[PDB]
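Peer 1: Just one file: my_file12.txt, with compact mmCIF, C-alpha atoms.
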# COMPACT_ATOMS: atom_id res chain seq x y z
CA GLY A 4 0.00 0.00 0.00
CA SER A 5 0.93 3.63 -0.61
CA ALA A 6 2.88 5.25 2.21
CA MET A 7 0.28 8.07 2.25
CA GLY A 8 -2.50 5.78 3.50
CA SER A 9 -2.78 5.75 7.28
CA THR A 10 -1.72 2.56 9.06
CA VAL A 11 -4.69 0.30 9.79
CA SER A 12 -5.37 0.80 13.51
CA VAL A 13 -5.93 -2.22 15.73
CA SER A 14 -9.58 -2.72 16.71
CA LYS A 15 -10.25 -4.76 19.83
CA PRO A 16 -13.84 -5.57 18.65
CA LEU A 17 -12.58 -6.81 15.26
CA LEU A 18 -9.79 -8.92 16.78
CA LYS A 19 -12.34 -10.40 19.16
CA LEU A 20 -14.75 -11.09 16.29
CA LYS A 21 -12.09 -12.98 14.32
CA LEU A 22 -10.88 -14.86 17.41
CA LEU A 23 -14.31 -16.00 18.62
CA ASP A 24 -15.20 -17.26 15.16
CA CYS A 25 -12.00 -19.30 15.11
CA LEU A 26 -12.44 -20.60 18.67
CA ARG A 27 -16.01 -21.76 17.92
CA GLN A 28 -15.32 -23.61 14.66
CA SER A 29 -11.60 -24.26 14.16
CA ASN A 30 -8.81 -26.43 15.55
CA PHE A 31 -5.46 -25.59 17.13
CA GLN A 32 -3.36 -25.33 13.96
CA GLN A 33 -6.00 -23.00 12.48
CA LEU A 34 -5.92 -20.91 15.68
CA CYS A 35 -2.11 -20.67 15.43
CA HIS A 36 -2.42 -19.52 11.81
CA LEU A 37 -4.93 -16.82 12.85
CA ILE A 38 -2.53 -15.53 15.51
CA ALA A 39 0.34 -15.34 13.02
CA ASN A 40 -1.73 -13.48 10.44
CA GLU A 41 -4.05 -11.23 12.49
CA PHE A 42 -2.53 -10.72 15.97
CA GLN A 43 0.15 -8.38 14.69
CA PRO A 44 2.10 -6.44 15.78
CA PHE A 45 2.18 -9.09 18.45
CA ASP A 46 3.41 -6.74 21.20
CA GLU A 47 0.88 -4.01 20.38
CA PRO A 48 -1.02 -3.45 23.66
CA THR A 49 -4.52 -3.85 22.20
CA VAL A 50 -3.38 -7.05 20.48
CA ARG A 51 -1.87 -8.32 23.76
CA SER A 52 -5.08 -7.52 25.66
CA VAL A 53 -7.10 -9.85 23.42
CA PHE A 54 -4.42 -12.54 23.07
CA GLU A 55 -3.98 -12.97 26.80
CA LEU A 56 -7.72 -13.76 27.22
CA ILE A 57 -7.79 -16.55 24.61
CA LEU A 58 -8.13 -19.23 27.27
CA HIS A 59 -11.04 -17.31 28.82
CA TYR A 60 -12.78 -17.14 25.44
CA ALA A 61 -12.01 -20.80 24.73
CA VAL A 62 -13.63 -21.92 28.01
CA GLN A 63 -16.67 -19.89 26.91
CA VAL A 64 -17.05 -21.15 23.33
CA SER A 65 -14.54 -23.90 22.43
CA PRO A 66 -14.58 -27.71 22.50
CA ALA A 67 -12.56 -29.29 25.28
CA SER A 68 -10.16 -30.74 22.68
CA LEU A 69 -9.08 -27.25 21.60
CA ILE A 70 -8.85 -26.06 25.22
CA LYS A 71 -6.53 -29.00 25.96
CA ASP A 72 -4.30 -28.12 23.02
CA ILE A 73 -4.09 -24.46 24.10
CA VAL A 74 -3.27 -25.49 27.68
CA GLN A 75 -0.69 -28.09 26.66
CA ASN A 76 1.07 -25.95 24.05
CA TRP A 77 0.90 -22.37 25.38
CA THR A 78 0.63 -22.47 29.20
CA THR A 79 3.32 -24.75 30.62
CA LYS A 80 6.68 -23.60 32.03
CA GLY A 81 8.31 -24.81 28.81
CA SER A 82 6.68 -22.03 26.79
CA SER A 83 6.98 -19.28 29.45
CA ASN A 84 9.69 -17.53 27.39
CA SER A 85 7.76 -17.76 24.09
CA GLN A 86 5.57 -15.16 22.46
CA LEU A 87 2.78 -17.76 22.41
CA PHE A 88 2.42 -18.00 26.15
CA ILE A 89 -0.81 -17.67 28.13
CA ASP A 90 -0.96 -17.28 31.90
CA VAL A 91 -3.41 -19.94 33.09
CA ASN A 92 -4.22 -17.68 36.07
CA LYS A 93 -4.83 -14.50 34.02
CA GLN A 94 -7.68 -12.42 35.44
CA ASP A 95 -10.11 -10.74 33.02
CA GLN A 96 -11.97 -7.45 33.59
CA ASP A 97 -14.23 -9.05 36.25
CA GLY A 98 -11.28 -10.67 38.06
CA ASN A 99 -12.19 -14.10 36.68
CA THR A 100 -9.62 -16.73 35.73
CA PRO A 101 -10.39 -19.44 33.17
CA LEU A 102 -11.08 -21.73 36.13
CA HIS A 103 -13.72 -19.31 37.49
CA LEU A 104 -15.50 -19.42 34.12
CA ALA A 105 -15.18 -23.20 33.70
CA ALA A 106 -16.70 -23.72 37.16
CA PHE A 107 -19.45 -21.16 36.47
CA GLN A 108 -20.35 -22.93 33.19
CA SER A 109 -20.27 -26.43 34.75
CA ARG A 110 -17.59 -27.61 32.29
CA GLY A 111 -16.42 -30.48 34.46
CA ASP A 112 -13.89 -31.80 31.95
CA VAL A 113 -12.27 -28.36 31.57
CA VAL A 114 -12.22 -27.89 35.36
CA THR A 115 -10.28 -31.16 35.62
CA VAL A 116 -7.72 -30.09 32.98
CA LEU A 117 -7.15 -26.76 34.72
CA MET A 118 -7.01 -28.19 38.28
CA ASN A 119 -4.37 -30.64 37.00
CA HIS A 120 -2.19 -27.80 35.68
CA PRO A 121 0.93 -27.67 37.93
CA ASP A 122 0.80 -23.85 38.06
CA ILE A 123 -2.96 -23.44 38.61
CA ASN A 124 -4.01 -21.11 41.42
CA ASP A 125 -7.53 -22.04 42.55
CA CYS A 126 -7.32 -19.46 45.40
CA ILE A 127 -7.62 -16.32 43.24
CA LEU A 128 -10.54 -14.04 44.14
CA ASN A 129 -12.51 -12.37 41.38
CA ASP A 130 -13.88 -8.82 41.80
CA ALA A 131 -16.88 -10.30 43.65
CA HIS A 132 -14.39 -11.82 46.15
CA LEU A 133 -15.17 -15.40 45.07
CA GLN A 134 -12.76 -18.28 44.50
CA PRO A 135 -13.35 -20.45 41.41
CA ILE A 136 -15.06 -23.25 43.38
CA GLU A 137 -17.57 -20.70 44.65
CA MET A 138 -18.74 -20.07 41.04
CA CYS A 139 -20.14 -23.60 40.75
CA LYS A 140 -23.79 -24.16 39.97
CA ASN A 141 -23.38 -27.97 39.94
CA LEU A 142 -22.60 -29.67 43.26
CA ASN A 143 -20.75 -32.61 41.70
CA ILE A 144 -18.34 -30.20 40.05
CA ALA A 145 -17.85 -28.30 43.32
CA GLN A 146 -17.17 -31.56 45.18
CA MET A 147 -14.61 -32.60 42.57
CA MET A 148 -12.83 -29.26 43.04
CA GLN A 149 -13.04 -29.59 46.82
CA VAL A 150 -11.46 -33.05 46.82
CA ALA A 151 -8.83 -32.11 44.23
CA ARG A 152 -7.82 -29.19 46.44
CA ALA A 153 -7.68 -31.38 49.56
CA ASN A 154 -5.45 -33.84 47.67
CA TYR A 155 -3.16 -31.04 46.53
CA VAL A 156 -2.94 -29.65 50.06
CA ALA A 157 -2.05 -33.09 51.41
CA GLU A 158 0.74 -33.51 48.85
CA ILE A 159 2.31 -30.07 49.18
CA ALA A 160 2.12 -30.17 52.99
CA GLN A 161 4.04 -33.46 52.87
CA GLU A 162 6.55 -31.90 50.45
CA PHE A 163 6.87 -28.87 52.79
CA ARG A 164 7.61 -31.16 55.75
CA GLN A 165 10.18 -33.05 53.65
CA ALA A 166 11.98 -29.82 52.72
CA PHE A 167 12.23 -28.95 56.42
CA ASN A 168 13.49 -32.49 57.19
CA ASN A 169 16.19 -31.94 54.52
CA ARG A 170 17.05 -28.40 55.72
CA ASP A 171 16.64 -27.56 52.03
CA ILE A 172 16.31 -23.77 51.70
CA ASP A 173 16.14 -23.89 47.89
CA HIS A 174 13.30 -26.42 48.00
CA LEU A 175 11.44 -24.40 50.65
CA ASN A 176 11.88 -21.29 48.50
CA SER A 177 10.63 -23.15 45.43
CA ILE A 178 7.52 -24.34 47.30
CA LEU A 179 6.62 -20.83 48.43
CA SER A 180 7.35 -19.30 45.01
CA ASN A 181 3.94 -20.68 43.91
CA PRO A 182 1.33 -18.20 45.25
CA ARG A 183 -1.14 -21.05 45.56
CA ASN A 184 1.19 -22.73 48.07
CA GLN A 185 1.56 -19.57 50.13
CA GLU A 186 -2.23 -19.68 50.63
CA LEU A 187 -2.68 -23.44 51.15
CA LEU A 188 0.24 -24.02 53.56
CA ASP A 189 0.09 -22.92 57.20
CA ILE A 190 3.64 -22.52 58.48
CA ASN A 191 2.10 -21.98 61.94
CA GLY A 192 0.21 -25.29 62.07
CA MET A 193 0.66 -27.31 65.26
CA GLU A 194 1.83 -30.91 64.95
CA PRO A 195 -0.56 -32.91 67.18
CA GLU A 196 2.03 -35.57 68.09
CA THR A 197 4.40 -32.94 69.55
CA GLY A 198 2.33 -29.80 70.21
CA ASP A 199 5.00 -27.81 68.30
CA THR A 200 4.93 -25.52 65.31
CA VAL A 201 7.99 -25.68 63.09
CA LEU A 202 9.17 -22.48 64.77
CA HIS A 203 9.18 -24.20 68.18
CA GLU A 204 10.77 -27.28 66.63
CA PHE A 205 13.68 -25.46 65.02
CA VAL A 206 14.21 -23.08 67.92
CA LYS A 207 14.73 -26.15 70.11
CA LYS A 208 17.03 -27.58 67.42
CA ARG A 209 19.04 -24.30 67.56
CA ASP A 210 18.82 -24.31 63.76
CA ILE A 211 19.53 -20.62 63.08
CA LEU A 212 19.36 -21.05 59.29
CA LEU A 213 15.90 -22.61 59.40
CA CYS A 214 14.54 -20.32 62.13
CA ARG A 215 15.51 -17.30 60.02
CA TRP A 216 13.76 -18.80 56.98
CA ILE A 217 10.63 -19.60 59.00
CA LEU A 218 10.53 -16.08 60.46
CA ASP A 219 10.97 -14.60 56.98
CA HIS A 220 8.00 -16.61 55.67
CA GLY A 221 5.23 -15.94 58.15
CA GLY A 222 6.33 -17.83 61.25
CA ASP A 223 4.41 -16.33 64.16
CA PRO A 224 6.45 -15.85 67.37
CA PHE A 225 3.24 -15.38 69.39
CA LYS A 226 1.84 -18.85 68.66
CA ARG A 227 2.15 -20.90 71.82
CA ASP A 228 2.84 -24.61 71.87
CA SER A 229 0.43 -27.15 73.37
CA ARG A 230 1.95 -26.44 76.81
CA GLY A 231 1.34 -22.68 76.52
CA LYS A 232 4.95 -21.63 75.81
CA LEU A 233 6.16 -19.11 73.24
CA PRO A 234 9.22 -20.08 71.15
CA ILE A 235 11.28 -17.47 73.00
CA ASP A 236 10.29 -19.09 76.34
CA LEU A 237 12.22 -22.18 75.19
CA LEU A 238 15.60 -20.41 75.47
CA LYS A 239 17.04 -20.22 78.99
CA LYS A 240 17.80 -16.76 80.37
CA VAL A 241 21.44 -15.64 80.67
CA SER A 242 22.67 -12.96 83.06
CA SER A 243 23.62 -9.60 81.56
CA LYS A 244 27.37 -9.89 82.17
CA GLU A 245 27.54 -13.21 80.25
CA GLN A 246 25.11 -12.35 77.41
CA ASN A 247 27.84 -11.75 74.81
CA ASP A 248 30.13 -14.67 75.67
CA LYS A 249 30.87 -16.97 72.74
CA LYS A 250 29.22 -19.98 74.39
CA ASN A 251 25.90 -18.07 74.45
CA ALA A 252 26.10 -16.76 70.88
CA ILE A 253 23.65 -19.26 69.36
CA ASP A 254 20.77 -18.70 71.77
CA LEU A 255 21.50 -14.97 71.74
CA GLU A 256 21.05 -14.83 67.98
CA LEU A 257 17.79 -16.80 68.20
CA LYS A 258 16.57 -14.50 70.98
CA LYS A 259 17.29 -11.38 68.90
CA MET A 260 15.56 -12.88 65.85
CA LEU A 261 12.48 -13.81 67.89
CA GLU A 262 12.30 -10.38 69.53
CA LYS A 263 12.47 -8.62 66.16
CA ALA A 264 9.87 -11.01 64.72
CA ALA A 265 7.59 -10.27 67.69
CA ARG A 266 7.80 -6.53 67.00
CA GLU A 267 6.89 -7.06 63.34
CA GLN A 268 4.10 -9.48 64.31
CA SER A 269 2.63 -6.86 66.64
CA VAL A 270 2.14 -4.54 63.66
CA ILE A 271 0.57 -7.27 61.50
CA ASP A 272 -1.90 -8.14 64.26
CA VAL A 273 -3.29 -4.54 64.29
CA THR A 274 -3.23 -3.89 60.53
Show me, as structure tokens, the structure contained in the file I just sent.
Peer 2:
Amino acid sequence: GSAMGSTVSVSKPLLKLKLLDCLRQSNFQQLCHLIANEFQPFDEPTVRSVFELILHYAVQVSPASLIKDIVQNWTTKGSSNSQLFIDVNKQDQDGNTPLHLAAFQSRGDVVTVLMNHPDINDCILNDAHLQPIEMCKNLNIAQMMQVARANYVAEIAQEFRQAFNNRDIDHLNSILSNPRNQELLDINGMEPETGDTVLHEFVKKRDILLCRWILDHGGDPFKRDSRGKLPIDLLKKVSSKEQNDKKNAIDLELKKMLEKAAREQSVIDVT
């Protein structure tokens, strides 16, 4: 075209029209071809704003076979550095994720695919403050989501305990790098066989490395054990003149860490 003709501007309605038609009638290779030919420039912000909702639109209008292909090919960690990458937890203009919409629409098979995604976050609140399971209109679908969550919680809580048993800071960090895990794990849970939280457990172990990690990831110094004791109560008092002697350096460091954590906890508890 002549250089004097204005560049065709990107229309969100027209992109959406083309995309929905494809998602309703076409397969994955046809969808890819549409992206290559019509979602250009691919980094143009209006283009991006439609592209990143493709999984939302697919849950609305597409067969489960196409949804599976989109999920398998564009949403796993292996494509996270590609242009064709969709965030499976993307929130739309109502705060809904694809899982919110799949639950709302009673698409049980799609709910299963999404709940099985290793990076799924079924704790995200939409703008109505609802989690995806709370969108269900069908009880059997809600129960499936409830049990799948309980299973996931059981597995990650066992993995969390294993990382502590291994003193494995990298593994612990990896577990909490998933926002879903930060919600579904309770670092302040009390072990019934001992009455201890992990903070009590590792204070008694004098494990400075692990106590610091626990206190940096929500460990609550005010949570008492089953006998009513705070973690700091577990360290014996040392007279002032001896406080800085080398033999007391371990418990002194734990005491200082617990005192600072208690100050920060006091603010959290009134916020």
Peer 1: So how far away is CA of residue 177 in chain A from CA of residue 213 in chain A, in Å?
Peer 2: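 The value is 14.9 Å.
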Peer 1: Let me make sure I understand: among A:59, A:266, A:208, A:19, which one has the smallest atom-to-atom distance to residue 100 in chain A if we use all atoms listed in the file?
Peer 2: A:59
Peer 1: For residue 33 in chain A, which residue out of A:18, A:73, A:6, A:260 is the nearest one, using only C-alpha atoms?
Peer 2: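 The closest residue to residue 33 in chain A is A:73.
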Peer 1: Residues within 12 Å of (17.0, -21.1, 61.8), file coordinates, counting all atoms listed in the file: what are they? Give the list as a PyMOL selection string.
Peer 2: chain A and resi 167+170-172+201-220+222+253-254+256-258+260-261
Peer 1: Please identify all polymer residues within 8 Å of residue 130 in chain A, counting all atoms listed in the file, omitting same-chain residues fewer than 3 positions from it, and present them as a PyMOL selection string.
Peer 2: chain A and resi 97-99+133
Peer 1: Rank A:120, A:15, A:263, A:103 by their smallest atom-to-atom distance to residue 78 in chain A, using all atoms listed in the file, and report the top residue only.
Peer 2: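 Checking each candidate against residue 78 in chain A, we get A:120 as the closest.
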Peer 1: Which of these, A:123, A:38, A:148, A:128, has the shortest distance to residue 80 in chain A once you count all atoms listed in the file?
Peer 2: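 Using all atoms listed in the file, residue 80 in chain A sits closest to A:123.
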Peer 1: Can you list, as a PyMOL selection string, every protein, DNA or RNA residue that comes within 9 Å of residue 265 in chain A when you count all atoms listed in the file, leaving out same-chain residues fewer than 4 positions away?
Peer 2: chain A and resi 223-225+260-261+269-270
Peer 1: Restricting the calculation to only C-alpha atoms: of A:135, A:226, A:240, A:160, which residue gets closest to residue 268 in chain A?
Peer 2: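 Among A:135, A:226, A:240, A:160, it is A:226 that comes nearest to residue 268 in chain A.
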Peer 1: Filtering to C-alpha atoms, could range 160-183 of chain A of the supplied structure be written out as a compact mmCIF listing (two decimals), in the first residue's frame?
Peer 2:
# COMPACT_ATOMS: atom_id res chain seq x y z
CA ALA A 160 2.12 -30.17 52.99
CA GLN A 161 4.04 -33.46 52.87
CA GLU A 162 6.55 -31.90 50.45
CA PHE A 163 6.87 -28.87 52.79
CA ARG A 164 7.61 -31.16 55.75
CA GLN A 165 10.18 -33.05 53.65
CA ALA A 166 11.98 -29.82 52.72
CA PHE A 167 12.23 -28.95 56.42
CA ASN A 168 13.49 -32.49 57.19
CA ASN A 169 16.19 -31.94 54.52
CA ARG A 170 17.05 -28.40 55.72
CA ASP A 171 16.64 -27.56 52.03
CA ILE A 172 16.31 -23.77 51.70
CA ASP A 173 16.14 -23.89 47.89
CA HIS A 174 13.30 -26.42 48.00
CA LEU A 175 11.44 -24.40 50.65
CA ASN A 176 11.88 -21.29 48.50
CA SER A 177 10.63 -23.15 45.43
CA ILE A 178 7.52 -24.34 47.30
CA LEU A 179 6.62 -20.83 48.43
CA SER A 180 7.35 -19.30 45.01
CA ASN A 181 3.94 -20.68 43.91
CA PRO A 182 1.33 -18.20 45.25
CA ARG A 183 -1.14 -21.05 45.56
